[PDB]
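Source file: model-v7.tsv; contents: TSV, C-alpha atoms.
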chain	number	residue	atom	x	y	z
A	1	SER	CA	0.00	0.00	0.00
A	2	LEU	CA	1.00	3.63	-0.11
A	3	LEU	CA	2.01	3.31	3.59
A	4	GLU	CA	4.76	0.83	2.70
A	5	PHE	CA	5.68	2.76	-0.44
A	6	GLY	CA	6.37	5.96	1.51
A	7	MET	CA	8.54	4.13	4.02
A	8	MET	CA	10.44	2.35	1.22
A	9	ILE	CA	11.19	5.65	-0.57
A	10	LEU	CA	12.44	7.19	2.66
A	11	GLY	CA	14.51	4.11	3.50
A	12	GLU	CA	16.11	3.81	0.07
A	13	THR	CA	16.68	7.52	-0.78
A	14	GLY	CA	16.97	9.16	2.64
A	15	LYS	CA	14.44	11.75	1.49
A	16	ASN	CA	10.93	12.48	2.80
A	17	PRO	CA	8.68	11.43	-0.07
A	18	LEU	CA	6.17	14.16	0.77
A	19	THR	CA	8.70	16.91	0.17
A	20	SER	CA	10.78	15.36	-2.65
A	21	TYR	CA	8.56	12.95	-4.61
A	22	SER	CA	4.94	14.21	-4.34
A	23	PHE	CA	4.91	17.32	-6.52
A	24	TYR	CA	7.77	16.83	-8.96
A	25	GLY	CA	7.81	16.99	-12.75
A	26	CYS	CA	4.91	15.67	-14.77
A	27	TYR	CA	4.47	12.29	-13.02
A	28	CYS	CA	5.65	12.41	-9.38
A	29	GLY	CA	2.36	13.45	-7.85
A	30	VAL	CA	-1.32	13.32	-8.62
A	31	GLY	CA	-2.52	13.14	-12.32
A	32	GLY	CA	0.46	12.27	-14.57
A	33	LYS	CA	0.47	13.44	-18.18
A	34	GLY	CA	2.79	14.58	-20.94
A	35	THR	CA	6.46	13.68	-21.24
A	36	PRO	CA	8.51	12.87	-18.10
A	37	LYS	CA	10.94	15.70	-17.43
A	38	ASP	CA	13.96	13.68	-16.30
A	39	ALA	CA	15.01	10.30	-14.90
A	40	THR	CA	13.39	10.81	-11.50
A	41	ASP	CA	10.14	11.77	-13.18
A	42	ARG	CA	10.36	8.71	-15.43
A	43	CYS	CA	10.61	6.57	-12.27
A	44	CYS	CA	7.13	7.90	-11.35
A	45	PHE	CA	5.78	7.27	-14.85
A	46	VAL	CA	7.04	3.66	-14.71
A	47	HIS	CA	5.54	3.16	-11.22
A	48	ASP	CA	2.18	4.43	-12.49
A	49	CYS	CA	2.41	1.97	-15.37
A	50	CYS	CA	3.32	-0.84	-12.97
A	51	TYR	CA	0.23	-0.18	-10.81
A	52	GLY	CA	-1.98	0.21	-13.90
A	53	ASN	CA	-0.94	-3.31	-14.97
A	54	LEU	CA	-2.56	-4.70	-11.77
A	55	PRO	CA	-6.32	-4.13	-12.26
A	56	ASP	CA	-6.94	-7.44	-10.38
A	57	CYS	CA	-5.21	-5.87	-7.33
A	58	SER	CA	-5.53	-2.82	-5.08
A	59	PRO	CA	-1.97	-1.43	-5.16
A	60	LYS	CA	-2.61	1.76	-3.15
A	61	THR	CA	-4.42	0.05	-0.27
A	62	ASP	CA	-3.25	-3.60	-0.05
A	63	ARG	CA	-0.75	-3.81	2.83
A	64	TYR	CA	2.34	-6.00	2.50
A	65	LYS	CA	5.52	-6.78	4.39
A	66	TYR	CA	9.11	-6.17	3.31
A	67	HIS	CA	12.50	-6.30	4.97
A	68	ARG	CA	16.14	-5.94	4.06
A	69	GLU	CA	18.78	-8.56	3.30
A	70	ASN	CA	22.34	-7.27	2.91
A	71	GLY	CA	21.04	-3.70	2.82
A	72	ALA	CA	18.64	-4.37	-0.09
A	73	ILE	CA	14.83	-4.38	-0.11
A	74	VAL	CA	13.36	-7.91	-0.16
A	75	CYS	CA	9.59	-8.17	-0.55
A	76	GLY	CA	7.86	-10.50	1.89
A	77	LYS	CA	6.00	-13.62	0.82
A	78	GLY	CA	2.44	-12.52	0.47
A	79	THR	CA	-0.42	-13.03	-1.94
A	80	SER	CA	0.37	-12.76	-5.66
A	81	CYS	CA	-1.08	-9.22	-5.56
A	82	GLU	CA	1.03	-8.23	-2.52
A	83	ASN	CA	4.12	-9.65	-4.21
A	84	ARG	CA	3.53	-7.77	-7.48
A	85	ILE	CA	2.60	-4.50	-5.72
A	86	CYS	CA	5.71	-4.73	-3.54
A	87	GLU	CA	7.92	-5.29	-6.60
A	88	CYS	CA	6.44	-2.16	-8.28
A	89	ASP	CA	7.26	-0.14	-5.18
A	90	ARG	CA	10.73	-1.66	-4.72
A	91	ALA	CA	11.67	-0.89	-8.35
A	92	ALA	CA	10.51	2.71	-7.97
A	93	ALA	CA	12.32	3.33	-4.66
A	94	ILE	CA	15.54	1.92	-6.19
A	95	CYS	CA	15.00	4.01	-9.33
A	96	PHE	CA	14.72	7.15	-7.23
A	97	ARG	CA	17.92	6.27	-5.34
A	98	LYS	CA	19.85	5.57	-8.58
A	99	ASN	CA	18.74	8.89	-10.02
A	100	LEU	CA	19.39	11.15	-7.04
A	101	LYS	CA	22.41	12.42	-8.97
A	102	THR	CA	20.14	14.20	-11.46
A	103	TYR	CA	17.33	15.20	-9.09
A	104	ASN	CA	16.63	18.89	-9.70
A	105	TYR	CA	14.65	21.06	-7.28
A	106	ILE	CA	13.66	23.22	-10.29
A	107	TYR	CA	11.08	20.50	-11.16
A	108	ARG	CA	9.36	20.73	-7.79
A	109	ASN	CA	5.86	22.21	-8.18
A	110	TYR	CA	6.07	21.95	-11.95
A	111	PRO	CA	2.65	22.99	-13.29
A	112	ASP	CA	0.55	20.34	-14.94
A	113	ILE	CA	-0.57	22.82	-17.60
A	114	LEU	CA	2.96	22.59	-19.05
A	115	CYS	CA	2.85	18.79	-19.13
A	116	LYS	CA	1.27	19.35	-22.47
A	117	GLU	CA	2.69	16.67	-24.78
A	118	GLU	CA	0.71	13.63	-25.89
A	119	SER	CA	0.91	11.43	-22.82
A	120	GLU	CA	3.40	8.61	-23.12
A	121	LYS	CA	1.91	5.14	-23.37
A	122	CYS	CA	2.99	2.41	-20.95
B	1	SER	CA	-3.64	8.92	2.00
B	2	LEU	CA	-1.78	6.10	3.68
B	3	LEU	CA	1.48	7.64	2.32
B	4	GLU	CA	0.97	10.76	4.45
B	5	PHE	CA	-0.31	8.72	7.38
B	6	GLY	CA	2.86	6.63	7.56
B	7	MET	CA	5.07	9.69	7.45
B	8	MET	CA	2.96	11.42	10.14
B	9	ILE	CA	3.23	8.41	12.48
B	10	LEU	CA	7.00	8.30	12.01
B	11	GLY	CA	7.31	12.06	12.48
B	12	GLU	CA	5.19	12.21	15.61
B	13	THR	CA	6.30	8.98	17.38
B	14	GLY	CA	9.82	8.42	16.06
B	15	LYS	CA	8.83	4.83	15.28
B	16	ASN	CA	8.61	3.04	11.92
B	17	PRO	CA	4.89	2.39	11.52
B	18	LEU	CA	5.56	-0.87	9.67
B	19	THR	CA	7.35	-2.39	12.64
B	20	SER	CA	5.40	-0.80	15.53
B	21	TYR	CA	1.86	-0.03	14.33
B	22	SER	CA	0.98	-2.57	11.59
B	23	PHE	CA	0.51	-5.82	13.50
B	24	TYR	CA	-0.35	-4.76	17.04
B	25	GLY	CA	-3.28	-5.74	19.24
B	26	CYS	CA	-6.72	-6.23	17.78
B	27	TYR	CA	-6.91	-3.03	15.68
B	28	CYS	CA	-3.45	-1.83	14.58
B	29	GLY	CA	-3.27	-3.75	11.35
B	30	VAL	CA	-5.59	-5.33	8.82
B	31	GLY	CA	-9.13	-6.50	9.92
B	32	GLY	CA	-9.94	-5.02	13.36
B	33	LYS	CA	-12.33	-6.86	15.67
B	34	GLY	CA	-13.02	-7.53	19.33
B	35	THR	CA	-11.98	-5.30	22.20
B	36	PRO	CA	-8.91	-3.03	21.88
B	37	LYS	CA	-6.12	-4.37	24.07
B	38	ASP	CA	-4.71	-1.09	25.37
B	39	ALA	CA	-4.52	2.64	24.66
B	40	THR	CA	-2.33	2.29	21.56
B	41	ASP	CA	-4.73	-0.27	20.15
B	42	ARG	CA	-7.67	2.01	20.90
B	43	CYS	CA	-5.93	4.72	18.83
B	44	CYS	CA	-6.21	2.32	15.85
B	45	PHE	CA	-9.85	1.53	16.61
B	46	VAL	CA	-10.67	5.26	16.72
B	47	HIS	CA	-8.77	5.88	13.45
B	48	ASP	CA	-10.76	3.08	11.78
B	49	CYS	CA	-13.96	4.70	13.03
B	50	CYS	CA	-12.80	8.09	11.76
B	51	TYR	CA	-12.20	6.73	8.24
B	52	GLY	CA	-15.48	4.77	8.32
B	53	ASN	CA	-17.31	8.07	8.95
B	54	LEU	CA	-16.07	9.35	5.55
B	55	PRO	CA	-17.90	7.19	2.97
B	56	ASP	CA	-18.04	10.28	0.66
B	57	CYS	CA	-14.20	10.29	0.67
B	58	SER	CA	-11.30	7.98	-0.16
B	59	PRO	CA	-9.20	8.20	3.02
B	60	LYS	CA	-6.58	5.57	2.10
B	61	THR	CA	-5.81	6.99	-1.34
B	62	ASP	CA	-6.61	10.74	-1.37
B	63	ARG	CA	-3.30	12.61	-1.05
B	64	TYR	CA	-3.08	15.75	1.09
B	65	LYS	CA	-0.48	18.17	2.37
B	66	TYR	CA	0.52	18.87	5.97
B	67	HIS	CA	3.31	20.75	7.70
B	68	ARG	CA	4.35	21.73	11.18
B	69	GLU	CA	3.85	24.96	13.11
B	70	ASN	CA	5.66	25.20	16.46
B	71	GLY	CA	6.48	21.49	16.28
B	72	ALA	CA	2.82	20.44	15.86
B	73	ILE	CA	1.10	18.87	12.85
B	74	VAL	CA	-1.06	21.37	10.91
B	75	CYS	CA	-3.15	19.96	8.08
B	76	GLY	CA	-2.95	21.85	4.80
B	77	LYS	CA	-5.91	23.60	3.23
B	78	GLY	CA	-7.34	21.08	0.84
B	79	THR	CA	-10.74	19.81	-0.19
B	80	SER	CA	-13.23	19.06	2.60
B	81	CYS	CA	-12.33	15.35	2.19
B	82	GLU	CA	-8.57	16.04	2.38
B	83	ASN	CA	-9.11	18.19	5.46
B	84	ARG	CA	-11.20	15.55	7.27
B	85	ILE	CA	-8.87	12.67	6.28
B	86	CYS	CA	-5.85	14.64	7.46
B	87	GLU	CA	-7.52	15.36	10.82
B	88	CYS	CA	-8.23	11.61	11.30
B	89	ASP	CA	-4.56	10.86	10.66
B	90	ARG	CA	-3.28	13.73	12.81
B	91	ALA	CA	-5.43	12.62	15.78
B	92	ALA	CA	-4.15	9.05	15.46
B	93	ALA	CA	-0.46	10.00	15.17
B	94	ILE	CA	-0.82	12.22	18.27
B	95	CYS	CA	-2.69	9.45	20.08
B	96	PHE	CA	0.14	7.03	19.38
B	97	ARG	CA	2.71	9.56	20.66
B	98	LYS	CA	0.71	10.23	23.86
B	99	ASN	CA	0.44	6.53	24.54
B	100	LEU	CA	4.03	5.47	23.89
B	101	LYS	CA	4.37	5.15	27.66
B	102	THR	CA	2.11	2.09	27.67
B	103	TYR	CA	3.15	0.59	24.33
B	104	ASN	CA	3.87	-3.10	24.94
B	105	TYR	CA	5.81	-5.28	22.50
B	106	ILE	CA	3.86	-8.28	23.90
B	107	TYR	CA	0.90	-7.14	21.73
B	108	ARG	CA	2.90	-7.28	18.52
B	109	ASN	CA	1.63	-10.12	16.29
B	110	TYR	CA	-1.37	-10.66	18.52
B	111	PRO	CA	-3.53	-13.29	16.80
B	112	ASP	CA	-6.88	-12.19	15.47
B	113	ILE	CA	-8.47	-15.44	16.64
B	114	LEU	CA	-8.14	-14.11	20.21
B	115	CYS	CA	-9.82	-10.82	19.31
B	116	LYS	CA	-12.94	-12.72	20.06
B	117	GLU	CA	-15.25	-10.29	21.89
B	118	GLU	CA	-18.27	-8.68	20.25
B	119	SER	CA	-16.64	-5.96	18.18
B	120	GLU	CA	-16.93	-2.51	19.69
B	121	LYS	CA	-19.23	-0.12	17.86
B	122	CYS	CA	-17.95	3.29	16.73
Show me this structure written as structure tokens.
Amino acid sequence: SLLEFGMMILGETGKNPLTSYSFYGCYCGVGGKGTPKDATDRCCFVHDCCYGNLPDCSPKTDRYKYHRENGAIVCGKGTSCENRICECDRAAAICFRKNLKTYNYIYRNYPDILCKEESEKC
Amino acid sequence: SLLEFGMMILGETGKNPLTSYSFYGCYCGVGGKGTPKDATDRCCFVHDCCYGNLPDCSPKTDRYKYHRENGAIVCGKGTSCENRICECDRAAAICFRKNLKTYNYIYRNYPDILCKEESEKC
């Protein structure tokens, strides 16, 4: 669920997701459209796609367990939905971490009106 | 949404909600029933009630903003749903903080089969 996702982002990036990953670019936040602005933004696009591919599940609300093994996120053994939701979240948290090096504060609060390109298909 | 709720619990208690508040007692976790075991557990019962009183809203998934003023949680100015959802979450995070003094690890992983009393009404 989004509870686990927030904690995973914090744990993997060191950043509060509410201040770094909730109103960023065209995709990191509510209502994604247009072309992702950069690699971080593309992480959000891909995560949206990953959730959209699970119409048989409830990715935002289905709780799951995870832990770490040798510093890395390992999803718990849950239902098939929990497993797939957890892997979406894990991939995104890792993506954010790998792309910290090009994170740009200038894309915070980027207005959706300028996300004006034909929205990328998953 | 649950993303903000997790961050609020962490910020107010200092504890990871996934390890302290996700499988505790009869109510802190999935599927609440029976009598709350203690004050912390009752926080979870009350939060469940608070969400249940918002059938016109989507408390687990509707994102909202909050910040702090003089160290205390202040909900952002959002829709009426966002405002009410945020206040449910704020009350619960504060409740957990106020009741840290009686938190008991013995109630972690408490089995739902023993939450066997007629479930308390909101």
>> Quick check, in Å to one decimal: how far apart do CA of residue 92 (chain A) and CA of residue 63 (chain A) lie?
In response: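 Those two atoms sit 16.9 Å apart.
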>> I need the residue nearest residue 71 (chain B) from this list: B:122, B:11, B:88, B:38. Use all atoms listed in the file for the distance.
In response: B:11
> In Å to one decimal, how far is CA of residue 105 (chain B) from CA of residue 23 (chain B)?
Replying inline: 10.5 Å
> Neighbours of region 26-31 of chain B within 6 Å (only C-alpha atoms; same-chain residues fewer than 2 positions away dropped), as an MDAnalysis selection string?
Replying inline: chainID B and resid 21:24 36 41 44:45 115
> Could you pull the residues within 9 Å of residue 98 (chain A), counting all atoms listed in the file, minus those fewer than 4 positions along the same chain, as a ChimeraX atom specification?
Replying inline: /A:13,40,93-94
